[PDB]
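Chains A, B, C, D and E, in that order, are what the protein sequence lines are. Going by the working numbering, the first residue of the first sequence is number 38, and it counts up by one from there. Going by the working numbering, the first residue of the second sequence is number 38, and it counts up by one from there. Going by the working numbering, the first residue of the third sequence is number 8, and it counts up by one from there. Going by the working numbering, the first residue of the fourth sequence is number 2, and it counts up by one from there. Going by the working numbering, the first residue of the fifth sequence is number 2, and it counts up by one from there.
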Amino acid sequence: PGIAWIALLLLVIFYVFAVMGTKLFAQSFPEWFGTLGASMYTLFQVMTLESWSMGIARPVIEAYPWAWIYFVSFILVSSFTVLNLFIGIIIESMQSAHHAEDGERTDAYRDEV
Amino acid sequence: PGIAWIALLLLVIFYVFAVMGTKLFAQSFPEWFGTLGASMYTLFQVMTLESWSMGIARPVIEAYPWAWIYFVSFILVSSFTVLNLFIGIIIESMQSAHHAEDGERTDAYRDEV
Amino acid sequence: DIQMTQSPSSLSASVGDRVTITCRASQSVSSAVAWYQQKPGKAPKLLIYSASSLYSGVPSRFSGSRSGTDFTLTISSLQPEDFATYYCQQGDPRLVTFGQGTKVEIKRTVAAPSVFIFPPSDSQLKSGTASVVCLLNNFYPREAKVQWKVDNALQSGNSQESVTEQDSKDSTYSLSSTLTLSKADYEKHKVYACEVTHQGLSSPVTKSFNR
Amino acid sequence: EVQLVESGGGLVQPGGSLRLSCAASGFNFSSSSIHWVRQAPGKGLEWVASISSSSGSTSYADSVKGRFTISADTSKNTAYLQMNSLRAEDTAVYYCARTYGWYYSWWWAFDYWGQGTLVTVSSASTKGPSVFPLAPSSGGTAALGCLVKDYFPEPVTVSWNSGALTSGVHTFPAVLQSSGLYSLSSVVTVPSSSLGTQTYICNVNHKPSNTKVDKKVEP
Amino acid sequence: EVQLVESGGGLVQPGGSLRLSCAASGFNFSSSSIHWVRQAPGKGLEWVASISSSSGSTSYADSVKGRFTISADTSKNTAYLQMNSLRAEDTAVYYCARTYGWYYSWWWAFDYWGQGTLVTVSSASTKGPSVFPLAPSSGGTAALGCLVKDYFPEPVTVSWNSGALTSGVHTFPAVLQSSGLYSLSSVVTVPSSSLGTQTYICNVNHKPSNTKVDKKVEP
Ligand SMILES: CCCCCCCCCCCCCCCC(=O)OC[C@H](COP(=O)(O)OC[C@@H](O)CO)OC(=O)CCCCCCCCCCCCCCC
Ligand SMILES: CCCCCCCCCCCCCCCC(=O)OC[C@H](COP(=O)(O)OC[C@@H](O)CO)OC(=O)CCCCCCCCCCCCCCC
Ligand SMILES: O=C(O)c1ccc([N+](=O)[O-])cc1
Ligand SMILES: O=C(O)c1ccc([N+](=O)[O-])cc1
Ligand SMILES: O=C(O)c1ccc([N+](=O)[O-])cc1
Ligand SMILES: O=C(O)c1ccc([N+](=O)[O-])cc1
Ligand SMILES: O=C(O)c1ccc([N+](=O)[O-])cc1
Ligand SMILES: O=C(O)c1ccc([N+](=O)[O-])cc1
Ligand SMILES: O=C(O)c1ccc([N+](=O)[O-])cc1
Ligand SMILES: CCCCCCCC
Ligand SMILES: CCCCCCCC
Ligand SMILES: CCCCCCCC
Ligand SMILES: CCCCC
Ligand SMILES: CCCCC
Numbered sequence: 038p039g040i041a042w043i044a045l046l047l048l049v050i051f052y053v054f055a056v057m058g059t060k061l062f063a064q065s066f067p068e069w070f071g072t073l074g075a076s077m078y079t080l081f082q083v084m085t086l087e088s089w090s091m092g093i094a095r096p097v098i099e100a101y102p103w104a105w106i107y108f109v110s111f112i113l114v115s116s117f118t119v120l121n122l123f124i125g126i127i128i129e130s131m132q133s134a135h136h137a138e139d140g141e142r143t144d145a146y147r148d149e150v
Numbered sequence: 038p039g040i041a042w043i044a045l046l047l048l049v050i051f052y053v054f055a056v057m058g059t060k061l062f063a064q065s066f067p068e069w070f071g072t073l074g075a076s077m078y079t080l081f082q083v084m085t086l087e088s089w090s091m092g093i094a095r096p097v098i099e100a101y102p103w104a105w106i107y108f109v110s111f112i113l114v115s116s117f118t119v120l121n122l123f124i125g126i127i128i129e130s131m132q133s134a135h136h137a138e139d140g141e142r143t144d145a146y147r148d149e150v
Numbered sequence: 008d009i010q011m012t013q014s015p016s017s018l019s020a021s022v023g024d025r026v027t028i029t030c031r032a033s034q035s036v037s038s039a040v041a042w043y044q045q046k047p048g049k050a051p052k053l054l055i056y057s058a059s060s061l062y063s064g065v066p067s068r069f070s071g072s073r074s075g076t077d078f079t080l081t082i083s084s085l086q087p088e089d090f091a092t093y094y095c096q097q098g099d100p101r102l103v104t105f106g107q108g109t110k111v112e113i114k115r116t117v118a119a120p121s122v123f124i125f126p127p128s129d130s131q132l133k134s135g136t137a138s139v140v141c142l143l144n145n146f147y148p149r150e151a152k153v154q155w156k157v158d159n160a161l162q163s164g165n166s167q168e169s170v171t172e173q174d175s176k177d178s179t180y181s182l183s184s185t186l187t188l189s190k191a192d193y194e195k196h197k198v199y200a201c202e203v204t205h206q207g208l209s210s211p212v213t214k215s216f217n218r
Numbered sequence: 002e003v004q005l006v007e008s009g010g011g012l013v014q015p016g017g018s019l020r021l022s023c024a025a026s027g028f029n030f031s032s033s034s035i036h037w038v039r040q041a042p043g044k045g046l047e048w049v050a051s052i053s054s055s056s057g058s059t060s061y062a063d064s065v066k067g068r069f070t071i072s073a074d075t076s077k078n079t080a081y082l083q084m085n086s087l088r089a090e091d092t093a094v095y096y097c098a099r100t101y102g103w104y105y106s107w108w109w110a111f112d113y114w115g116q117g118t119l120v121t122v123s124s125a126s127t128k129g130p131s132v133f134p135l136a137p138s139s140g141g142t143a144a145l146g147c148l149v150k151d152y153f154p155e156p157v158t159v160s161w162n163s164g165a166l167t168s169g170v171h172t173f174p175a176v177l178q179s180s181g182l183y184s185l186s187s188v189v190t191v192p193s194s195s196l197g198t199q200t201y202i203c204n205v206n207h208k209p210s211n212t213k214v215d216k217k218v219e220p
Numbered sequence: 002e003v004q005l006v007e008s009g010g011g012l013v014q015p016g017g018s019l020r021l022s023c024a025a026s027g028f029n030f031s032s033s034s035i036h037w038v039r040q041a042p043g044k045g046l047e048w049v050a051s052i053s054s055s056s057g058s059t060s061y062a063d064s065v066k067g068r069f070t071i072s073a074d075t076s077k078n079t080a081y082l083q084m085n086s087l088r089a090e091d092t093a094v095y096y097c098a099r100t101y102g103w104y105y106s107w108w109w110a111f112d113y114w115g116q117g118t119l120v121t122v123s124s125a126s127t128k129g130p131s132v133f134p135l136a137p138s139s140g141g142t143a144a145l146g147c148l149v150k151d152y153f154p155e156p157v158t159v160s161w162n163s164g165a166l167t168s169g170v171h172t173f174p175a176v177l178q179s180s181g182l183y184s185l186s187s188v189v190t191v192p193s194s195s196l197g198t199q200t201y202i203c204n205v206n207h208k209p210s211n212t213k214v215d216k217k218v219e220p
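This is the structure:
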């Protein structure tokens, strides 16, 4: 389907949280948030939830203790879009019985032609 | 209908919370969260909300007091998907008057043919 | 540029004494510091993480403390196997620095060496060059003196000495003095001796052979 | 069982290159970070590089930036350090470490350390050692052993009866012997009454030259 | 009323098998957990196994892992312990317990305990006992009773007039009598003036041999 039209929203979320991380942490953590690319990359590394993820997390939170509600929100706002989006498709996919009728009318009518 | 296409989402939720439980509790509770299978099984046992459920819960929370917001979230995020999904079907099932007309158009047309 | 200045460089305390090691950071790193034990030539092992928390399996005599910008490793009762070099660490994905290190040496009572001498090997004489090995086992302190005597003529410039690291259980030293000589001067002479002049000996003890 | 077996070091000519492998076993490699930390003979520890096994992110020290390159293959379950433009400073023992966490990642522990491998950057060629027994003299006081002379580069791994005789061994560190080859001794003390009871073999090995030599010592 | 009636134990030959049933009654079986805990004669309690009735999850002790198997049928409303490769160590009294909770599950209480059933692992065969009255002598001081000799295996359940005479009873524990059979006594003290007022029957029972014997005692 148009499931790549979905990833546009996820890149928008990456973008907005990367701009946030740039506005918040560029002066203090330049290698991780000094550019938009660095913020994108650091958010991806945190989203991996791996060793490097906690490694990035710890100094940012030592310097700015509130920073956690940044990261957590990025993990929540993202995951709850997908799920919600992913739960809407199922509803918009359970409207295809009418589509089976569509094909069947195609059969009968294109014989009449 | 495609009600088994729904259970894919529930297995995705099981998967993500099992990966969470693995990342959080594997080192400290290996028999319950040392593998992905163990995490899946332990989450199912907790979702049962039975004697074994609280039995699993108590040492995990004694060791990590925050762990409750893990379990609770697993119980919430799950149940509020189902309900929400379950409340969307009803809306997408109250659409079928147009379907009844569909069949009635099938009748009048097939004789026409 | 996160600098870690560790002190002292070397220290020597008897068994049971209380050892302190300071490591100062240049800014508030509040608890990123770790402490490591390294026995010679072996892999470093983690003693302390979080600058206070003790790694699972470390004895209770190791403890970590903090004062603002100055971290401290304390050994309550120094054991002879605690002979090692200790390192303090920073922590970050993007940069990691260690301290200069602190070598902990053990102190014990005076120990006289077991002295031995070895003749050159049979197949070693086939090389045209021979070596005489004078062994000094299980002594303390590290200072010793090995003199060579070939036909009661003292040697210089043809011997080398190698000392082991301080032992884990008895905390004593071992010394190997290798005397290299061309086979010509080996066969031209008959008396060979090494004379140990150690602190734990009243009269310098000599070991000799005759070929 | 949770170990990091590293290899690939040894001798290399200046301006050359060398690959170091660190195979992880017993834990989850992807979830961990892998580290290369070097120690030159006679100094403290020096951080070289770090990498996330799963994420692939890398971080290098300013002293070796661009010249070294750290990588990690999760399928091969092993991290790697490729070293280029090697020089005299790079002559050191390199160690492989990990941070496998949720604990140690929020502190950069590093929790476990590999055993170490030597990298000597020099011009001269490899040479195997010569193993020469050291003859005894006569229920105690029997100092015997074997000498290992004229090898280059380091190291020589000496044992006794394949690890059977451990107590009493005083394998010495090597010396230079201006010629330019390493030469060490390996002594052990036993009861003199048992000169004939047990077999006394020193199992010398020198992997740069494949010199796997077994020699018995007897009066 | 909230009870755990267990059965299925007794005598079994070494290397054999035996099934233990624990029927729950009076509470919600599914919501509870069921437990088998054993006590060998002359030691403390030893945990054997636990199971969630509803969830079906099981947990076994390392001492009996693989050999035993715990199960629970919610329709039959009963838990089960299947025992295989039985040995001399397994000779013990096994107890069935529960944790029915929201409060005892967050502590693993266990709240209620079944009454117990014996499992003796031996080679010899079943034997019924011999019930021999013990004659009195003459408003007090009348010690009478009956002896129960030559039975195997344990136990013998002695009563008096179907539980009518309870006070004054001193049913003894059994002894071995080197031959290899158990032999106990069962005494009771009454007023001597009532030797003729009440009937004194000791209702001996030995379920391994179905020896249901009633015997009166009189001077
Ligand atoms: C939750 C942390 C669990 C940590 C357990 C281990 C670490 C500490 C050791 C505890 C052992 C305690 C033994 C004494 C404790 C003891 O035995 O029980 C004392 C008390 C009474 O217990 P129950 O009502 O469970 O008693 C049942 C009896 O009625 C049956 O006879 O327990 C309660 O407070 C129960 C209510 C749950 C209390 C937590 C509910 C949430 C309350 C928070 C309200 C939030 C509002 C917002 C505030 C931010
Ligand atoms: C503002 C938010 C909090 C900021 C986070 C602070 C960074 C932590 C710095 C710790 C200083 C280090 C000293 C060791 C600290 C230490 O001993 O920690 C104990 C331990 C930390 O792990 P370690 O590796 O230090 O401990 C090893 C041991 O666990 C076993 O060897 O586990 C914790 O409890 C983690 C949870 C931190 C607790 C904070 C979580 C928030 C709890 C909230 C509870 C619910 C509130 C609900 C409202 C009613
Ligand atoms: O270099 C940047 O990308 C950058 C952008 C915005 C801000 N700021 O909003 O403070 C700082 C740095
Ligand atoms: O062990 C795994 O297969 C595995 C699962 C999840 C992730 N992860 O989403 O980070 C990585 C590895
Ligand atoms: O596992 C449950 O969610 C559950 C469902 C139904 C009942 N019940 O109705 O007995 C108990 C537990
Ligand atoms: O306090 C914590 O460390 C914590 C851990 C896990 C979660 N959680 O899985 O949502 C929340 C807080
Ligand atoms: O080789 C890898 O494992 C690898 C993984 C991820 C990326 N990347 O997201 O850029 C690159 C390499
Ligand atoms: O490993 C790094 O430091 C790194 C930083 C940024 C990017 N990047 O913006 O693609 C890649 C690697
Ligand atoms: O009781 C257990 O230990 C158990 C664990 C896992 C599974 N299982 O994932 O099938 C079954 C039993
Ligand atoms: C992404 C939201 C960050 C909020 C920062 C709050 C600082 C006190
Ligand atoms: C202590 C680490 C907890 C972080 C887990 C992810 C939080 C959403
Ligand atoms: C690609 C690996 C999927 C998880 C396999 C789990 C095997 C126990
Ligand atoms: C990456 C988020 C960490 C929350 C403590
Ligand atoms: C323990 C809190 C649960 C809220 C539904």
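Virtual Cβ for every residue (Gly too), placed ideally from N, Cα, C.
For a cutoff of 8 Å on Cβ pairs, would you count residue i as touching chain F?
i, result
"D:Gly102", "As a matter of chain content, chain F is missing from the structure shown, whose protein chains are A, B, C, D and E."
Taking just the CA atoms, how far does residue j sit from residue i?
i, j, result
"B:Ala94", "B:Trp105", "8 Å"
"A:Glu149", "A:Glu138", "17 Å"
"C:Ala151", "D:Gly169", "21 Å"
"A:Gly74", "A:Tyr52", "10 Å"
"D:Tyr61", "D:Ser22", "17 Å"
"B:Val83", "B:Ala134", "42 Å"
"A:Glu87", "B:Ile43", "29 Å"
When the Cα of residue i is compared with those of the options, which residue comes out closest?
i, options, result
"E:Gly102", "E:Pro209, E:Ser179, E:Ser31", "E:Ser31"
"C:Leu18", "C:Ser134, C:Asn159, C:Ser72, C:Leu85", "C:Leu85"
"E:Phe111", "E:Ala175, E:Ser163, E:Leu5", "E:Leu5"
"D:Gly10", "D:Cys97, D:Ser60, D:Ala50, D:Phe28", "D:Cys97"
"E:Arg20", "E:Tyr81, E:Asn162, E:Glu155", "E:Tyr81"
"C:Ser184", "C:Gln96, C:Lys195, C:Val203", "C:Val203"
When you compare the CB of residue i with every CB in chain E, is at least one pair closer than 8 Å?
i, result
"B:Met91", "yes"
"B:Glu87", "yes"
Measure from the C-beta of residue i to each C-beta in chain C and report whether the shortest distance is under 8 Å.
i, result
"D:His171", "yes"
Should residue i be labelled buried (16 or more other beta-carbon atoms within 10 Å of its own) or exposed?
i, result
"D:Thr100", "buried"
"D:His36", "buried"
"B:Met131", "exposed"
Measure from the C-beta of residue i to each C-beta in chain D and report whether the shortest distance is under 8 Å.
i, result
"C:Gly23", "no"
"residue 31 of chain A", "Since the displayed chain A opens at 38 and closes at 150, residue 31 of chain A lies outside it and no answer follows."
"A:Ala55", "no"
Within the 8 Å Cβ cut-off, does residue i reach chain A?
i, result
"C:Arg101", "yes"
"B:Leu122", "yes"
Is residue i close to chain B, meaning its C-beta is less than 8 Å from at least one C-beta of that chain?
i, result
"A:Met84", "no"
"A:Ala145", "yes"
Tell me whether the beta-carbon of residue i lies closer than 8 Å to the beta-carbon of residue j.
i, j, result
"C:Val111", "C:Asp89", "yes"
"D:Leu87", "D:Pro154", "no"
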